[PDB]
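Trainee: One structure, pasted below without further comment.
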Amino acid sequence: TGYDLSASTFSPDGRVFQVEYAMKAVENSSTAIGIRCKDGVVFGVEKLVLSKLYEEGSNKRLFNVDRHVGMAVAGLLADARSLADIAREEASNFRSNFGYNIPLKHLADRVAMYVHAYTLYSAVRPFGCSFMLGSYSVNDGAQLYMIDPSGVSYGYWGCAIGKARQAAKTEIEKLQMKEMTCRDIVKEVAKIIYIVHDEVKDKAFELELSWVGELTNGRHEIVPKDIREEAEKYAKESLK
Amino acid sequence: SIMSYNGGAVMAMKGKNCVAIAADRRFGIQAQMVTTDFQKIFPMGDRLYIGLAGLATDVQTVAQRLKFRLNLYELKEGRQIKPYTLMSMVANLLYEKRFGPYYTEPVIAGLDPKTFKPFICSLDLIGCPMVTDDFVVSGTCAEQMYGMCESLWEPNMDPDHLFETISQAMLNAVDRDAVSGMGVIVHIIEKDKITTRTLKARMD
Amino acid sequence: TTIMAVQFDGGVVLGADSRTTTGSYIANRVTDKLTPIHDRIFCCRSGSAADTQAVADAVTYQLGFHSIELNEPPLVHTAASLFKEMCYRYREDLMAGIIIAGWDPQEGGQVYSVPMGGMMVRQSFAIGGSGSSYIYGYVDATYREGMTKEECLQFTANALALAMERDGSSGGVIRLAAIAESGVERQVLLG
Amino acid sequence: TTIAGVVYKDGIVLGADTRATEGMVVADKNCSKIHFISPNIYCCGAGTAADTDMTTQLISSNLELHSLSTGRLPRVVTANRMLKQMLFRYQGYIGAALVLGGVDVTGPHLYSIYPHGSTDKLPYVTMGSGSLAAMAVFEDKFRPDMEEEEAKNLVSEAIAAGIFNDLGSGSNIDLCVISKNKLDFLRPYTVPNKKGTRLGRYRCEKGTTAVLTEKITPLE
Amino acid sequence: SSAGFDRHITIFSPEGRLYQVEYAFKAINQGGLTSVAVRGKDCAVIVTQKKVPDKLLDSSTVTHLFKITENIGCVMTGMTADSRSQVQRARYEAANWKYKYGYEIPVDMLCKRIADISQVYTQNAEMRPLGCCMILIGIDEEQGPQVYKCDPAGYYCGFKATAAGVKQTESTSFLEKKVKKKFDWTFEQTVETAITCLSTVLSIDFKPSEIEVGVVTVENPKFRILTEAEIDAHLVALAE
Amino acid sequence: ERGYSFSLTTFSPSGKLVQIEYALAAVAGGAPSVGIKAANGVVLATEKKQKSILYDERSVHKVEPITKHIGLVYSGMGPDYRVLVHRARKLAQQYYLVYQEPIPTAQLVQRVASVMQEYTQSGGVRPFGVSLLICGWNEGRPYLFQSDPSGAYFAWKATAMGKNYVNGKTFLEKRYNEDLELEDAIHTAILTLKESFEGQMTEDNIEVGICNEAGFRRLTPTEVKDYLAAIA
C-alpha cells in the first residue's frame, strides 16, 4: 500500500513487493517440469491450445540456447525470448573468448546477475519469467539449474514451474531418478504431465519434451516423441 | 637552430645578497632584425623576475600563461609566491606540452620573500629544472657566456662588482655572437630596491 | 632467447637459456625466461621482453580470475586461447614468441605454440627464439616418441647446450622445468 | 650519467654521478638524480632527466597515497608494477632509465627498469651512458653478501672508474644507504678533484662599463 | 515523523534518521539464516547452517561459504541476489588489487573497498541498497587471522566474536557471556564453541549435514571448507 | 543509470533548506569530539565507545592524517567520512604534484568545502552528515578549521561537535584560554570530553591526535594510558 510502486524502495517490514508481484505473475502460466536421469536431463512443458486457432508447433517454450543447453520457460513469453537472446549472446561470448563450451554454473550465474540488475533500479521492472537450464558434458555429467524472477539460481534434480508447482513435485520425488536412464524418464514425465489436469479447468493441452544427454552425444533437441509414441499408449494405461 | 630562429640570450647571476638578470634587446627574423626594444624579462610579483628566450611566440605565450596562473594563485592565497613554487609551476606548464613543446628556456631569478636569500634556476624546453649558485644562462649562445662566467665569477660580491661582472660578460659574449645583440638590458635587484640599467652596446 | 618445451607421457618438460641481449651488449646475464602463470601452467617467452611481460601479466590476471570463478583447475587450451586473442587482436606492435605448456587433470601434459603471428597450434615439442633454428635442425632427428622424464631432461640438456654454444645471442645458464600431476620441479644446470 | 646498484648482506647501496649535461656542455656540476619515493624505497634516474623526474614524482605521490591508505610500510613490487605499467602505457616514448631499490619486510630488493617497460631483479645493476665502467668494477669484484664498508667502497670505486671514463662528473659522488632501520643519504661523499685555484685574477672596476639609463625603485 | 518523502528515498528525515537504510538492516532477516565467526588464536572459524527441506534440491550448490581468493573466504546472509553480486564484486576488486599492486590483497583493504561501494550505492537515490551482510575471514602476516563484517550501510568493522543474521542479539549475548573468561583458543576450543553457541541459539543439536564450517589457520593459510567426516568428528568430539 | 539530474534541495517559503538543517541535526546526534588550538600545537580528541565488548580498537581509526602534518577528525557517519577523507587525500596529492610543496590547510578547506558545496547543489544526492575539524602546523602558526554539511567553514580557537556540544562549548569558554602548551591542551581536552562521556573511560574509549610543528602525530594507547590514567 503506497510502498509497492517503485522497484527501488523497501517495505516497512523489509521486502520488495515488485519482485513478489513478478514472482506470482508466473503462477498463472503453464506448468513446466524438468528432471535429470543418470546420463541426461529431460524437460517437459504442459502446453495448451487456446481453442482451435494454433498450429501445434508454433511459439515453442522449449528453447535451445547453446549446442548443449536449452531453456524451458514459463511466464511472459516475449520476456522469455529476450532473456534467451541474452543467454545466446553470453554463450557466444564465452565460446569466442575461451574456445570451448560454457559450463552451466558460470552461464547460470551470468544470467542470474543480469536478472538481478533488472531487479535493482527503478528504471526497469523485474522479469516475469521462470525457466530451466539443462546440460550434459562427458567431463561434467548432467546438470540442471533453476532461475526465479528475483535471480536466485541453484541446482535440482527435479523441478516444476506453473500451477502444479507442488502438485507435480509431490510425485516427482517418488521417482527412482538415479537408477534410470532417460529413456524411461520420457514416459515418466509423460505420465506426470498427463496426471495433472486432464479435463477439469480446460479442454485440451499438448505435450512437448526436450531431451539432452549422453544418448544424444551431448546434443540437445526435442525428442521425436512421435517415435515410440510413449505418452498416449501409457497415458490410457495411467487413468487406472 | 629553431632556438636560433629569433636569437636571444638571458643571463642570471647570483651575487652575495642580491641577484642580477640581464638579456638582449634585439628581435627579428633569421637575418633581418626589426626592433631594439623587445621584452624578454618579465616581472612576476615583487623582487622576483623571469626571463624567457628562444622562439618569441612561446616567449609571449608562456609569459601570459604563467601570469594567468600566477595571478590565480596570488588571489587564492594572500601571500606572494616562493621561487621554488614558481619553478614547479613552470615545470608543470612546460611538461603539459610534453610532445607539443614550447621552444623556450625559462630562467627564474628572485629573492626570498621572507629573507634576503637569492635564488637562480633554469629549465629545459620540456621542464628539467636546475638550481645552481653561480649563474645560469640560456638562449642561442651558450659556451660564450659559460666561458665568461667561469672566468669572471666570484662567490661573495657586492652589487657594484656584480653589475660590472655581468655587464662585461654579457657585452663580450654578445659581441662575439652573431644573431643576438643590439643593446642589452640589465636588471640588478636586491632587498631594498630595483635597478634597471641599459648599456651602450656595440650596435654592429 | 632459445626456449623449448617437450612433453612426455606423464607431464611436460620445459627449458630456456638466460641471456637477455641488447645489440651486442648483454644487459642481463641470468633471467627467468619462463614464467609461472597458474601453479600447473608455465609459459616461456621470447622476442621483446617488455611486450611479453605485459602480456603474461594480463593473462595471469584474466586466467586467475576465471579459474577462481570456475572453482576448478583451469585447462591448458584455455590459456592458449587467451594468449591467442591477446596476441592476434593487438598485434602489429608485439614480438611474441610465447610457448604455453603445462599439465592438466583432464588432459595430462600439453604444449601450445604461439609465434609472432598469432596462430595457435598444439605440438609435442617446440622451439622458440632466434637461436632455436639449429636445435630445430636436430630435434626432429634425436626425438623418439614415448620418452621418460630423464630422457627428456637429457634431451633438452643437449639441445640447449648446443644452442648456447653455437649462437651468439644464447648462452648464460640452463633453467629446466618439470611439470606433472605431482608437482613442479625446477632446477638450474650451470657449468 | 652512471648510476649503480648493489645488494649487500642487509640492504642496498645506491650511487650516482651528478653532471647533467645539455648536449656537449657541462650544464651542471651538482644534480641530485637519487630521487625520493618513500621512507624505504628510493630510485635513480638516467637518460631524459625531466621525464624521470616527473615520473618519479608521480609514483612517489601514488605510493604516499597508497601507504597512507593502507597504514603500513609499502612494498617494492608495487612500485615496480606501477612503473612498468606506466612506461608500457607510454609505448616507449618516454625515455626513463630507472633503478629501483628498497627494503621491504621481505628484505632488500633491487630492480632495474628499461624505458620500454622491461624489468629485472638483479643483485647489482648499472645504468646510463658510462654504465659499462661500473659494470666492469662490479663483475670484477662482486661477491655475494658483502659488508657495509665493503659495499660502500665498491660502489664508490665503480662510479670513480665511471668518472675516469667519459661523461662522469666533477662531483663528490653521491651515495645512499638503505637498511632495515637506518636510512642514510650522503651528498658530499668524496671529492677527488679540487678546483685549480686561479692565479689571475680577471679583474674589473666599478665604472668600467658605459651606462645609458639608470632607474631606482624603492620597496618596503 | 514522515515529512516529505522520507519513506521512499534516501533523504534526511526530521530528527536525524533515514529510513531506507534502516529498513535494509532487517532485509537480512528475511533470509532465515544464521552465521557465526570466531577468532581467538591463530585459527579462524566460520559456521552457518543450511535449511533444505527438499529431496529434489541439491546440497553442493547451496553453500553460502564463498571462496573469494586463495587466502580469503567469506559467508553471506540476507537475500541471495545481493549476496552473489557482492561476491563477484569482491572477487573482481581482489583480482584488480593483484594486478595493480603486485601482491595478495589483505582482507582489511578489501572490506574497506566493499564498504565504499556500499556507500556509492547508498549515495544516489533511485538505487536499491543491496540488503546483504558480508563476513570475511583471512590470515595476515604480522597480525594473524582477521574477522571483518560489512553492513549494507557501508559501516565495516573488525572484531573477534562475530555473528550476523536473524538471531544474533542472543548470539552476541552468549558471546559476551563467553568471551570474557580468558582461556586460550586451541582450535578445537574454537570449533566446539562455535557449534555449541549455534546449538544454544537454535536448540536443535543436529546431524553434520546442516552446518557448513569454514576454517582458516596459521598452519595452512589456504581457505578450507570442512568435509562431512571431520565435521562429524568434531561433533561427536563435543558430544558428552 | 538514467541521469535524472535534479536536486532534491530547494528553497522554502521561509527561505530555508530543510534537508541541510536535518543533516546538521543528524551531525549533532553523533559522537562527541573536542579540538583545541594551543600556542604551539593543536590537539584532536574523539570519543569512541564500542557497542559490545566484542569489538576491536585496532581496525577503525577516527583520528586520521591527510598529509604527514594535517590531522582530521569528524563527528558523524563513517561511511561518508571515509569517502571525503579519500577525496581529500587525492586532492592534496594533486596539489603536491603541481607545486612540489605541502598543501596548506586553508587551501584544503577551500577545495574540500567546494566539493561538499557541490554535493549540496548537484542532482539528487543527499548531503554528507559530517562535521570536520581540520588542523595542521603550516609555517609556524597552527590552524584549526571546522566545516559542516552546508559547505561553509570557520576557524576556531577551540570548539566541540557531537552530543551536548553546547555544554562542552560552555565549559570550553570558561576553562580554555588563549595560551597554553600541548600538554595543557590535552589536559583540558580530556577534561571537557570526560565532562560529557559515559563513566567508563579508558585508553580505548578515546582517541587522541596532536599536531606538533614537527608534524602531525597520532598518539598510542600506551601514552594515553600514561596520561589518561586519572589526569587530574
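Letters for chains follow the order of the C-alpha cells (A, B, ...), residue numbers begin at 1 for each chain, and ligand numbers begin at 1 in the order shown.
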Counting only C-alpha atoms, which residues in chain B sit no more than 10 Å from chain F? For each one, give the nearest pair of atoms and the distance in Å, sorted by chain then residue number, as a tab-separated table.
Mentor:
```
residue	atom	partner	partner_atom	distance
B:76	CA	F:107	CA	8.2
B:77	CA	F:107	CA	8.0
B:84	CA	F:100	CA	8.3
B:85	CA	F:99	CA	5.5
B:86	CA	F:99	CA	8.0
B:87	CA	F:99	CA	8.5
B:88	CA	F:99	CA	5.4
B:89	CA	F:99	CA	6.1
B:90	CA	F:99	CA	9.6
B:91	CA	F:98	CA	8.8
B:92	CA	F:98	CA	6.5
B:93	CA	F:98	CA	9.4
```
Trainee: Write a file of the selected residues as a PDB file, in the first residue's frame, keeping N, CA, C and O atoms.
Mentor:
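Generated output (result00.pdb):
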```pdb
ATOM      1  N   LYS B  76      44.151  33.332  -4.833  1.00  0.00           N
ATOM      2  CA  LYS B  76      43.642  32.274  -3.969  1.00  0.00           C
ATOM      3  C   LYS B  76      44.312  32.288  -2.607  1.00  0.00           C
ATOM      4  O   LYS B  76      43.710  31.853  -1.622  1.00  0.00           O
ATOM      5  N   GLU B  77      45.548  32.764  -2.527  1.00  0.00           N
ATOM      6  CA  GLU B  77      46.239  32.883  -1.256  1.00  0.00           C
ATOM      7  C   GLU B  77      46.828  34.273  -1.137  1.00  0.00           C
ATOM      8  O   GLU B  77      47.453  34.770  -2.076  1.00  0.00           O
ATOM      9  N   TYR B  84      60.642  28.448  -5.472  1.00  0.00           N
ATOM     10  CA  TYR B  84      60.553  27.026  -5.791  1.00  0.00           C
ATOM     11  C   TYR B  84      59.180  26.667  -6.319  1.00  0.00           C
ATOM     12  O   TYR B  84      59.049  25.830  -7.221  1.00  0.00           O
ATOM     13  N   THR B  85      58.149  27.300  -5.769  1.00  0.00           N
ATOM     14  CA  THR B  85      56.796  27.061  -6.236  1.00  0.00           C
ATOM     15  C   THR B  85      56.622  27.556  -7.662  1.00  0.00           C
ATOM     16  O   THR B  85      55.984  26.889  -8.486  1.00  0.00           O
ATOM     17  N   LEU B  86      57.222  28.704  -7.979  1.00  0.00           N
ATOM     18  CA  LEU B  86      57.175  29.210  -9.342  1.00  0.00           C
ATOM     19  C   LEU B  86      57.913  28.283 -10.292  1.00  0.00           C
ATOM     20  O   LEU B  86      57.456  28.042 -11.416  1.00  0.00           O
ATOM     21  N   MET B  87      59.041  27.735  -9.839  1.00  0.00           N
ATOM     22  CA  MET B  87      59.804  26.800 -10.655  1.00  0.00           C
ATOM     23  C   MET B  87      58.998  25.544 -10.947  1.00  0.00           C
ATOM     24  O   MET B  87      58.965  25.064 -12.086  1.00  0.00           O
ATOM     25  N   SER B  88      58.315  25.025  -9.928  1.00  0.00           N
ATOM     26  CA  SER B  88      57.472  23.850 -10.117  1.00  0.00           C
ATOM     27  C   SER B  88      56.309  24.148 -11.047  1.00  0.00           C
ATOM     28  O   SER B  88      55.923  23.301 -11.864  1.00  0.00           O
ATOM     29  N   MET B  89      55.757  25.358 -10.958  1.00  0.00           N
ATOM     30  CA  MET B  89      54.645  25.729 -11.821  1.00  0.00           C
ATOM     31  C   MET B  89      55.078  25.813 -13.276  1.00  0.00           C
ATOM     32  O   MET B  89      54.370  25.327 -14.168  1.00  0.00           O
ATOM     33  N   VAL B  90      56.245  26.408 -13.524  1.00  0.00           N
ATOM     34  CA  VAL B  90      56.777  26.489 -14.881  1.00  0.00           C
ATOM     35  C   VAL B  90      57.085  25.099 -15.411  1.00  0.00           C
ATOM     36  O   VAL B  90      56.842  24.800 -16.588  1.00  0.00           O
ATOM     37  N   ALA B  91      57.585  24.223 -14.538  1.00  0.00           N
ATOM     38  CA  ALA B  91      57.872  22.847 -14.926  1.00  0.00           C
ATOM     39  C   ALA B  91      56.607  22.123 -15.355  1.00  0.00           C
ATOM     40  O   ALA B  91      56.593  21.437 -16.382  1.00  0.00           O
ATOM     41  N   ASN B  92      55.524  22.305 -14.600  1.00  0.00           N
ATOM     42  CA  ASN B  92      54.255  21.680 -14.951  1.00  0.00           C
ATOM     43  C   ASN B  92      53.707  22.234 -16.256  1.00  0.00           C
ATOM     44  O   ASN B  92      53.219  21.477 -17.106  1.00  0.00           O
ATOM     45  N   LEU B  93      53.789  23.550 -16.428  1.00  0.00           N
ATOM     46  CA  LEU B  93      53.226  24.181 -17.611  1.00  0.00           C
ATOM     47  C   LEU B  93      53.990  23.789 -18.866  1.00  0.00           C
ATOM     48  O   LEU B  93      53.395  23.627 -19.935  1.00  0.00           O
TER      49      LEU B  93
END
```
Trainee: Can you tell me which residues surround region 163-165 of chain A at a distance of at most 8 Å, considering only C-alpha atoms, apart from same-chain residues fewer than 4 positions away, and format the answer as a compact mmCIF listing (two decimals) with N, CA, C and O atoms, in the first residue's frame?
Mentor:
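Below you can see around14.txt, which holds the result:
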```txt
# COMPACT_ATOMS: atom_id res chain seq x y z
N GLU A 27 2.79 -17.69 -11.85
CA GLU A 27 1.95 -18.70 -11.23
C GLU A 27 0.76 -19.09 -12.09
O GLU A 27 0.36 -20.26 -12.10
N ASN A 28 0.22 -18.16 -12.85
CA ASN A 28 -0.90 -18.48 -13.73
C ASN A 28 -0.47 -19.06 -15.06
O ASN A 28 -1.33 -19.56 -15.80
N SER A 29 0.82 -19.05 -15.38
CA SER A 29 1.28 -19.57 -16.65
C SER A 29 1.25 -21.10 -16.65
O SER A 29 0.88 -21.74 -15.66
N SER A 30 1.65 -21.67 -17.77
CA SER A 30 1.56 -23.10 -17.98
C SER A 30 2.56 -23.85 -17.11
O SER A 30 3.59 -23.31 -16.69
N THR A 31 2.25 -25.11 -16.85
CA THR A 31 3.11 -25.92 -16.00
C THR A 31 4.25 -26.50 -16.81
O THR A 31 4.04 -27.07 -17.89
N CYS A 159 12.23 -30.40 -10.89
CA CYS A 159 11.57 -29.13 -10.63
C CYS A 159 10.25 -29.07 -11.38
O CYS A 159 9.94 -29.93 -12.21
N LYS A 169 5.66 -32.00 -7.99
CA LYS A 169 6.84 -32.44 -7.27
C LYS A 169 6.52 -33.31 -6.07
O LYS A 169 7.44 -33.87 -5.46
N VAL A 196 -1.63 -34.50 -14.05
CA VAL A 196 -2.10 -33.19 -13.63
C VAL A 196 -3.01 -32.61 -14.71
O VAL A 196 -2.64 -32.55 -15.89
```
Trainee: When DSSP works through the backbone of this structure, what residues of region 33-200 of chain B end up as strand (DSSP E), shown as a PyMOL selection string?
Mentor: chain B and resi 33-35+41-43+48-51+107-111+118-122+130-131+135-139+184-189+193-199
Trainee: Go ahead and save the picked residues with C-alpha atoms, as a PDB file, in the first residue's frame.
Mentor:
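So selection-v9.pdb came out as:
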```pdb
ATOM      1  CA  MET B  33      66.269  42.449 -37.261  1.00  0.00           C
ATOM      2  CA  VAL B  34      63.165  44.529 -36.662  1.00  0.00           C
ATOM      3  CA  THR B  35      63.237  46.319 -33.329  1.00  0.00           C
ATOM      4  CA  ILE B  41      62.355  39.922 -18.839  1.00  0.00           C
ATOM      5  CA  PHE B  42      59.108  39.908 -17.036  1.00  0.00           C
ATOM      6  CA  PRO B  43      58.118  40.926 -13.534  1.00  0.00           C
ATOM      7  CA  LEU B  48      61.270  38.204  -8.487  1.00  0.00           C
ATOM      8  CA  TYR B  49      61.580  38.331 -12.266  1.00  0.00           C
ATOM      9  CA  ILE B  50      61.658  35.756 -15.037  1.00  0.00           C
ATOM     10  CA  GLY B  51      63.475  35.623 -18.361  1.00  0.00           C
ATOM     11  CA  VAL B 107      65.313  31.441 -16.374  1.00  0.00           C
ATOM     12  CA  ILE B 108      63.927  32.394 -12.967  1.00  0.00           C
ATOM     13  CA  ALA B 109      65.646  34.848 -10.649  1.00  0.00           C
ATOM     14  CA  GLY B 110      64.097  36.061  -7.430  1.00  0.00           C
ATOM     15  CA  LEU B 111      64.946  36.718  -3.848  1.00  0.00           C
ATOM     16  CA  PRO B 118      68.818  34.792  -3.505  1.00  0.00           C
ATOM     17  CA  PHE B 119      67.641  32.153  -5.932  1.00  0.00           C
ATOM     18  CA  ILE B 120      68.509  31.315  -9.519  1.00  0.00           C
ATOM     19  CA  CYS B 121      67.378  28.384 -11.634  1.00  0.00           C
ATOM     20  CA  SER B 122      66.908  27.393 -15.253  1.00  0.00           C
ATOM     21  CA  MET B 130      68.327  23.076 -12.364  1.00  0.00           C
ATOM     22  CA  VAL B 131      69.360  25.160  -9.355  1.00  0.00           C
ATOM     23  CA  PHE B 135      74.996  31.696 -12.821  1.00  0.00           C
ATOM     24  CA  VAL B 136      72.570  30.169 -15.280  1.00  0.00           C
ATOM     25  CA  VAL B 137      72.471  31.014 -18.970  1.00  0.00           C
ATOM     26  CA  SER B 138      70.141  30.302 -21.864  1.00  0.00           C
ATOM     27  CA  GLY B 139      69.426  31.282 -25.424  1.00  0.00           C
ATOM     28  CA  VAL B 184      71.457  44.884 -23.564  1.00  0.00           C
ATOM     29  CA  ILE B 185      69.012  45.452 -20.709  1.00  0.00           C
ATOM     30  CA  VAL B 186      70.191  44.731 -17.156  1.00  0.00           C
ATOM     31  CA  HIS B 187      68.104  44.215 -14.035  1.00  0.00           C
ATOM     32  CA  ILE B 188      70.151  44.329 -10.842  1.00  0.00           C
ATOM     33  CA  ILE B 189      67.888  43.901  -7.835  1.00  0.00           C
ATOM     34  CA  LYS B 193      65.313  48.443  -4.463  1.00  0.00           C
ATOM     35  CA  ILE B 194      65.255  47.525  -8.149  1.00  0.00           C
ATOM     36  CA  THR B 195      67.792  48.936 -10.583  1.00  0.00           C
ATOM     37  CA  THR B 196      67.398  48.758 -14.364  1.00  0.00           C
ATOM     38  CA  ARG B 197      70.346  49.952 -16.417  1.00  0.00           C
ATOM     39  CA  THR B 198      70.945  49.841 -20.156  1.00  0.00           C
ATOM     40  CA  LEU B 199      74.392  49.553 -21.688  1.00  0.00           C
TER      41      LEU B 199
END
```
Trainee: Distance limit 7 Å, atoms considered: only C-alpha atoms. Which chain E residues sit that close to chain D? Return them as a list in words.
Mentor: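 Per the criterion, chain E yields residues 100, 101 and 102 of chain E.
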Trainee: May I have the residues from that selection written out with N, CA, C and O atoms, as a PDB file, in the first residue's frame?
Mentor:
```pdb
ATOM      1  N   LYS E 100      47.243  -4.611 -10.003  1.00  0.00           N
ATOM      2  CA  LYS E 100      47.833  -3.286  -9.870  1.00  0.00           C
ATOM      3  C   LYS E 100      49.016  -3.291  -8.925  1.00  0.00           C
ATOM      4  O   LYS E 100      50.030  -2.643  -9.183  1.00  0.00           O
ATOM      5  N   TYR E 101      48.895  -3.984  -7.808  1.00  0.00           N
ATOM      6  CA  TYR E 101      49.807  -3.783  -6.706  1.00  0.00           C
ATOM      7  C   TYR E 101      50.797  -4.916  -6.532  1.00  0.00           C
ATOM      8  O   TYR E 101      51.677  -4.818  -5.674  1.00  0.00           O
ATOM      9  N   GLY E 102      50.668  -5.989  -7.297  1.00  0.00           N
ATOM     10  CA  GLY E 102      51.706  -6.981  -7.379  1.00  0.00           C
ATOM     11  C   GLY E 102      51.692  -8.028  -6.295  1.00  0.00           C
ATOM     12  O   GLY E 102      52.472  -8.981  -6.373  1.00  0.00           O
TER      13      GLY E 102
END
```
Trainee: Based on only C-alpha atoms, which of the residues in chain A come within 12 Å of chain F? I want them as JSON, numbers by chain.
Mentor: {"A": [117, 118, 120, 121, 122, 123, 124]}
